[PDB]
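Single-letter residue listing:
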Amino acid sequence: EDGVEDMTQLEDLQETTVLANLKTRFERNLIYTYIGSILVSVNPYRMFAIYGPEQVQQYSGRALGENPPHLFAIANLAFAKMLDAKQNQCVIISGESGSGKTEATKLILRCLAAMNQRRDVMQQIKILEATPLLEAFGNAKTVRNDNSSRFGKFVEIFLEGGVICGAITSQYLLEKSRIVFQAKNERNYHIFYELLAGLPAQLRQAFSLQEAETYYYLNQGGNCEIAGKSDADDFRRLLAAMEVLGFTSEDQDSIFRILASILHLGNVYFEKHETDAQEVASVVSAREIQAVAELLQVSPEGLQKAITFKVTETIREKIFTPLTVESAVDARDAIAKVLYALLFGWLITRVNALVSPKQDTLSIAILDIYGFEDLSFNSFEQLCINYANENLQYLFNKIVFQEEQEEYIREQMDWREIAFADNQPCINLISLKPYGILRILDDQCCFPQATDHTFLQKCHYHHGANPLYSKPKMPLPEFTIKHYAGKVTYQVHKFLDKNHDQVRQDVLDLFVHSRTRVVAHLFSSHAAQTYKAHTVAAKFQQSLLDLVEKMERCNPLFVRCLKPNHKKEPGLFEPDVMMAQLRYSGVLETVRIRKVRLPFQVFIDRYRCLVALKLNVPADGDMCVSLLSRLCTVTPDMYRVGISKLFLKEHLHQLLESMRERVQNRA
Amino acid sequence: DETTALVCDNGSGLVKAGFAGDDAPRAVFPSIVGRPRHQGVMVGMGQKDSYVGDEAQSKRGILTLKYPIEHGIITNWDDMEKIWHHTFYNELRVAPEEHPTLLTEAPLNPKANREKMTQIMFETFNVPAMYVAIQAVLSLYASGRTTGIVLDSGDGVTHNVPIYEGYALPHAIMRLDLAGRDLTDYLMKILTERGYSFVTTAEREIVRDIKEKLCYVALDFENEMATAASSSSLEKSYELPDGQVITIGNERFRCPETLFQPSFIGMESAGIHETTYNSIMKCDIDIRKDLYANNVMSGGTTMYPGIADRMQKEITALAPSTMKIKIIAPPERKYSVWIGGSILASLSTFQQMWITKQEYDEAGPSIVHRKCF
Amino acid sequence: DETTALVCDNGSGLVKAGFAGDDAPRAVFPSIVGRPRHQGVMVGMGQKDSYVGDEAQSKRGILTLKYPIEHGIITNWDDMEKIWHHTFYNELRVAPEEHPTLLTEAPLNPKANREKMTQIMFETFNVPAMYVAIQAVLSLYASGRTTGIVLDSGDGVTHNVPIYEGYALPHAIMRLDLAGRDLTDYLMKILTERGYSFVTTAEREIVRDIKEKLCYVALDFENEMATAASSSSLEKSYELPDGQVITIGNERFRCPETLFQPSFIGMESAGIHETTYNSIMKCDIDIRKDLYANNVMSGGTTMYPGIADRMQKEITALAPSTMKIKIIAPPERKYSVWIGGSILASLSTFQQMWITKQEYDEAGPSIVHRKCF
Amino acid sequence: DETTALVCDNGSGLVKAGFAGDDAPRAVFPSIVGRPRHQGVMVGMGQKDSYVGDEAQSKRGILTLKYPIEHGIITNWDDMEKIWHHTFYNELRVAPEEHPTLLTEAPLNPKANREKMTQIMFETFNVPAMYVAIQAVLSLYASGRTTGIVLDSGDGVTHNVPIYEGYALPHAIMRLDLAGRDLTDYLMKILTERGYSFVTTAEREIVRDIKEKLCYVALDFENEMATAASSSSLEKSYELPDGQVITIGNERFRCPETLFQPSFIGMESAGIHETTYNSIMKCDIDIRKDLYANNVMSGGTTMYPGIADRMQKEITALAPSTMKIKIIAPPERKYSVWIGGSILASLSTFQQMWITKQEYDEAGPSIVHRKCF
Ligand SMILES: Nc1ncnc2c1ncn2[C@@H]1O[C@H](COP(=O)(O)OP(=O)(O)O)[C@@H](O)[C@H]1O
Ligand SMILES: Nc1ncnc2c1ncn2[C@@H]1O[C@H](COP(=O)(O)OP(=O)(O)O)[C@@H](O)[C@H]1O
Ligand SMILES: Nc1ncnc2c1ncn2[C@@H]1O[C@H](COP(=O)(O)OP(=O)(O)O)[C@@H](O)[C@H]1O
Ligand SMILES: Nc1ncnc2c1ncn2[C@@H]1O[C@H](COP(=O)(O)OP(=O)(O)O)[C@@H](O)[C@H]1O
Ligand SMILES: [Mg+2]
Ligand SMILES: [Mg+2]
Ligand SMILES: [Mg+2]
Ligand SMILES: [Mg+2]
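Going by the header, the method for this PDB entry is cryo-EM, and the resolution given is 3.63 Å.

Right under this line is the structure:
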């Protein structure tokens, strides 16, 4: 009931006032708030079957000024804008893990499918079935959530003359460092544990997978049973959906073979064994690599020479080089990461090809993206996540400033001259070409005799004078970057081991000549589709640039999601949690965009006791401010007299408050 | 605008080039300019009057082989310009006006060499930026180290450069003019003891191939001479390009020993082990410990089987008996300098140390003496 | 609000710091500021342009060692500020704005030294309170006594301070500029007699290590010189950081004898025994008895084996034959001053003798001359 | 029985000898021992297996030049014995067993050097008496003075000795190992910038001749570098012994500047002006006045045209602005030490300060440490 749909019209905009408004609306069983172009949603933990097909006709765009703020208004807004400006656009779903982003995606897909009276006839267009599968491949347990999206899910819904066509799904910002490394009290991607829990016996005797609790890629977390809510029934339903997608049993068997090969590669160790003139490397147990070779249809000596020797090959000769232990570990980790990424790309490509729509058609975008993260201790993954969220916050700030400018021009022409300060310096501090932090890290990757301390010292030197950078006082292995959401302190512990994604051409050549068809096809396709680099940060930056280009091809308009207390309590929340989520989402920056402005008729009406203020003013353009300005010697802080009088400044507001408080001391 | 910078290790006898960021040179061919000498009789086949390295390798029998680079210094400038033009256009098929280029050089080379190199690579090919780096620092870059003495021994020069934690000691740099080409000439002069005569340039390169495929360095010289002239166990046979079989005895290992005994050619200098020890003893004591512990190799002419063991034995005999000598002999002694140059040119912090065209145009060619080393 | 006050004995050659109430200094490292001198060739390793004491100890071979404190007085203020900042942040990891600090000083040092020390430690580090205490009174505090003459002989100064029951005699304080650093320089100059040449700063510190590990003081000089140049029993060998073995003969004990015979360096002053006797004979007779009976030592340069016996013999030869001379040589001659400072700073009755920030701000830096000593 | 005592100034690179009482050395020749290295083919001309200084100068092309004296200390004793025998018999034609001999030495040389010198000159040549005198006191004798600092800079050592009215100050004697031979080596290393290569010993001596005939010291370094690399006015040409003409530019004056800037060779020491000023500031104030007023020079390597003016400018910049600096540069900087030795050996009051054969036989060689200096 308590609407306050547009908080721009209030006397002043503060985070406390916004929090109070959201609390009041949540107590009114209202979730969505229509802040002009932007929308805000809160996870209610409450099953709301809002209406049904009637809501499209009830919450259409014809009465946006009177219609309640709802998520489904954007469904009609998209069509209304594309039928007028003749330009497709994109919609992003952003928010921290567990904020109902998947629920919002399902709701918007249902609304778009239900608006054309055709989905009942062509429900065979098999669109959303694989969402749990991509979830099991792309989600993992975090210290704050048991279901966290760790990849930039992208679903493209295609349209042609009002007819809903097929869809194309893609991944953008998957973190490859999770497969080999994982922090404490967290674990790897859910599907490894699902496979190990739902493993049938025939795979137990055939594939040596009796060490499900002692794999190095999995035991790193220290406790894999915290996710005990998941079980082998998830594996059974995953297999049911997998068969539904038209995959033969051979494809599933090959996928399990690759996953078992990755898990076995996780359990490979090296020894600092003596050699001709140095001590380089030696494989401890050959039975494990032999078993890897048996189930991968590839020579075992190939793997030995690809993870132990470095190949420098020219036209007239090919020279083998012994490798150090750290280099061998990096090569093994790169092999595992590239195998996992190729599996994900293959599955996404097949899913897209099954329901591939027509080409050269219209398209609406849905983007599932990360949330701003600030843990007790932060690592490389958090830095990449923060960089991506910084780019998206830059886009959001651009949108907000565009809305402010168009409103100002709609009022009077001459306020387009108002400026705006963006977060470009932070983006340059992170990844500017000459001396960016990620560029310094990339240089340190290949630099001889490098360690974490040297990288930290170089970062401290090159960014001492940067206002956003913050050198710690004590000699601590940390640094602090001033994001838009506040100060974040990272730890430089183990960055150099999270970037050595070097895959020499000999490994790809070995995997092309594999006897199995799927692996050979995947590596051949990877070599055919392939300028690039050889670090996790560089690939992340390339994918982020591709995503930014795709977004700027269309018009960005999206929605933010917030979360109440994480103890799954419906209808109860902490205001501090609201403040934290509001800071992390980035909607607080709108207050900074406001930099204030109030109507002058409101000042005439409710200030009737200001020096016996005359209320008989029927004109908003009448001279009332300069009259008080020169008679009361009010400093002329105002730049120019407006018509609507939207020239109010905070210093003038403070002066008015001071005058109000001093005049009231009559008796 | 991503543009990979070319790395062109134009050594004294072989040109090794490629893009930065690779793991091996894209193109390897001898730095030879060939010109026909006989008279052409067939009308039409008298137009190709200059063959660059590999083509001149294929047609040795009807033309003369001239090396533009003699003992490090660039003698014939037109031939070197032809080689650069070939390796830019006909070999990599990459326009040089869109890519920065990196070049290597001996430590104690003349200055007019650098000035003319910069002038040619800025005026002719119009390269946006270029840089000249000493070969030893690139060898250390490629070895993944920061301390130790680099013994870079190409076929035109053999020089030592002591480096400790990135700070070079320029007063301990020693350079010898004894290199692989002089070994080839000694092999030509020492093969006449068995009756084989090699006089022309093609026969000189046949002798070079013999040296590459048969020569080795022994641990002890007197013992191996006695063994050679006490049996036929060390004799090996080689087949000339006309099916004529030659046999080599004690000449197999007496060719590369002149590196340790340069009195065979008559030079007054000392062997490479002695120069390395003297270069160490020109450094500070705290420097001397790590220089002892971290000897490294590079260059083609250090690929003889048994070089590392003998030079280790000689350094250990020279150095005090309580120190540990460990000589690094990676299997990429050839084109280790190129691997180091590729690593160096791929660094994003290196972008500010180029020589931009505006800098050269405003301050002249002398800045190559200021921004290098 | 319990806040332990820091005790920072910034001596002339070594910085010994820690918290009050401990029994040994938490951090001990030389007070050296090192700066590289050669040219950097590796791109990236050219940023650390100043190494504080221990880091500069580790990298002697590529940088120059400069001592900010020369003969007690602070010469280079920026280097000393760097050393203080290092020992506060990178060594103890304790913010200096939350802990009071105690500093030591030679007795007869200039006054601008104290004024600038207070100004730096109040304006830069914003210490809540600081105090400057003479080293001899702290040595007496650490020795658990209240009478006797302190012979504090660091590596920058050697001074005597007679105290009787807590009442100092400021007209009997004698100070000599002959200390350990001059002994090290004499050892450098006297080692050339055998052919060993030490010129650089790193070689000077190698000589310092030799002095610490081999030198001793003999009871009789002529007898020991005859013994040394009559046999090889006193010869000892030392190993330089490159495995080179050196042999030392009569130079072993002729280095620390200049303390008793300062004419070797050419100084006109007298030995430490003579200065102690003259300082006693500047005091009252009733004072003189207890000053005779309670000689005490401190400072590093009094750790030579045999110093106590010889100085006892010399004082007994100087003093009247009926008095008892007893020289206290505790095994903590090094950092006895720090132990005394820690005892003094932990007293609850000392809380009122600090120099609070309000006092310095209202009366200026001159109060350091009023509240000290 | 009138017997003139021989004066044999056996310096580090040249031997200057003669009789006492003359005004110039009778014999001057380099101290080089040459040995052939090639193989003799003519039967009969294979007997002269060692050429002393001047003969080895005449036949540089077929033999190796070795200096027995390296940086002051006598390295090879047999070669030095050969040089002494030559300069006694084949050069002066005077039996050494009938004439006393006087020898010179660096100040801070080792002691075994003196002991072996006395042993050789008493046992081999059977000289009736000999004496070893420091070179600086002889330079002061020859200059006709009794006060001032002697800057004796040969080709093996450069040392300062402050003397005031005949009383030496042995604690202010400073010695540097930077001398003329290191200047020659720097010239060899700096001539490669123009392409001239000098590696052998004969080429090293050709470079030495170039240094003697062309090098000079400028007043200002930056101005002269700009002038050199702004015109061709400073370029001079030299003719090698085969008619090949070489041209020298800014290398003309950048060779002898390392005396004032010894960082070019990498030494951590300071220039000769700085060492002279520091040696003065190690002396007493009343001494300091006359040391300022009476600087004197000697040694060959101080004959560069313009050395006096620059060192005067540098001392004046270092010394207080009110004092008068007057540097004595007599035109006999070469063999001034010999003139002083001849004056000293001709005094009749010197007859009692020899080292007689009976004294050496009864007390052993150690008396050379007692009767000298
Ligand atoms: N607006 C909403 N209305 C009703 N239920 C919701 C809403 N948003 C989230 N939920 C419920 O909250 C639960 C938590 O899901 P969540 O962990 O947020 O999934 P994801 O993290 O993939 O978005 C979901 O099962 C969903 O049914
Ligand atoms: N395997 C080998 N064994 C012996 N000598 C070799 C070998 N390979 C190359 N060389 C010698 O190295 C010389 C040059 O090799 P390299 O150092 O690669 O080129 P550059 O000297 O131009 O850097 C050739 O003259 C050749 O004689
Ligand atoms: N065991 C030892 N034997 C001889 N001399 C020593 C010994 N330990 C230290 N020294 C000398 O004492 C000098 C300084 O020691 P110390 O008094 O502890 O520092 P400070 O002089 O700064 O108070 C050093 O220069 C060193 O030469
Ligand atoms: N006219 C000159 N100009 C420059 N240098 C000279 C000149 N004459 C001699 N020298 C240098 O002085 C060095 C030795 O000269 P001198 O002092 O006479 O002999 P010694 O050093 O043995 O006493 C030689 O190495 C030579 O380079
Ligand atoms: Mg999700
Ligand atoms: Mg090479
Ligand atoms: Mg002390
Ligand atoms: Mg001389």
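A. Quick look at the arrangement of the chains. The chain pair with the greatest number of contacts, out of 5 pairs of chains in contact, is formed by chains B and C. Nowhere do chain A and chain D come into contact; their C-alpha atoms are at least 27 Å apart.

B. Local environment of the site of ligand 2. All names here are of chain B. Around ligand 2, a shell composed of 16 residues is seen, among which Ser12, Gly13, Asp155, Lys211 and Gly300 lie nearest. The backbone of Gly13 places a nitrogen or oxygen atom 3.2 Å from an oxygen atom of ligand 2. One of the backbone N or O atoms of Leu14 is found 3.2 Å from an oxygen atom in ligand 2. Isolated, ligand 2 exposes 560 Å² of accessible area, and the fraction of that covered by the protein chains is 88%. Going through the elements one at a time, β2 (14-19) and α6 (201-214) are the ones with two or more residues in the shell around ligand 2. Considering only residue class, the shell around ligand 2 consists of 3 nonpolar, 7 polar and 6 charged.

C. Molecular detail of the pairing of strand β13 (residues 486-491) of chain A. With 6 bridges connecting them, strand β12 (residues 478-483) of chain A and β13 of chain A associate as antiparallel partners. The partner of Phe479 of chain A across the bridge, within β13 of chain A, is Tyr490 of chain A.

D. Inspection of the UniProt feature "coiled-coil region" in chain A at higher detail. Within the UniProt annotation, "coiled-coil region" is assigned to residues 103-130 of chain A. Across residues 103-130 of chain A, the secondary structure splits into 46% helix and 0% strand, with the terminal C-alpha atoms separated by 15 Å.

E. Region of interest: the packing of aromatic side chains. Residue and element names in this part refer to chain B. A complete count under the given rule lists 46 aromatic pairs over all chains for this structure. Linked through ring pairs, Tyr186, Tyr216, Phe221, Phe253 and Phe264 together constitute an aromatic cluster. In this structure, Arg181 is placed above the aromatic ring of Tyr67, and the distance from its NZ or CZ to the ring centre is 4.4 Å.

F. Representation of unusual backbone geometry within the structure. The residue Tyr335 of chain B is not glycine, and still its phi comes out positive at about 45 degrees. Residue position: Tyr335 of chain B is located in the loop between β17 (327-328) and α12 (336-346). Even without being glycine, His71 of chain C reaches a positive phi, approximately 60 degrees. Here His71 of chain C shows up in the loop between β7 (69-70) and β8 (73-74).

Cut-offs and rules
Residues numbered from 1 in each chain as written, not as in the entry; some residues may be left out. Chains lettered and ligands numbered in written order. Heavy atoms only, no water. Contact = heavy atoms within 4.5 Å. Near = heavy atom within 4 Å. Polar contact = N/O pair within 3.5 Å; in protein donor to acceptor, adjacent residues only side chain to side chain. Areas by Shrake-Rupley, 256 points an atom, 1.4 Å probe, with all protein chains shown as cover. Helix = DSSP H or I, 4+ residues; strand = E, 2+ residues; numbered from the N terminus. Nonpolar A, V, L, I, M, F, W, Y, C, P; charged D, E, K, R; others polar. Pairing = 2+ DSSP bridges. UniProt positions renumbered as here; feature names shortened; annotations may be inferred. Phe/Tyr/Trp six-rings, centres within 6.5 Å; stacked < 30°, edge-to-face > 60°. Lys NZ or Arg CZ within 6 Å of the ring centre and 35° of its normal.

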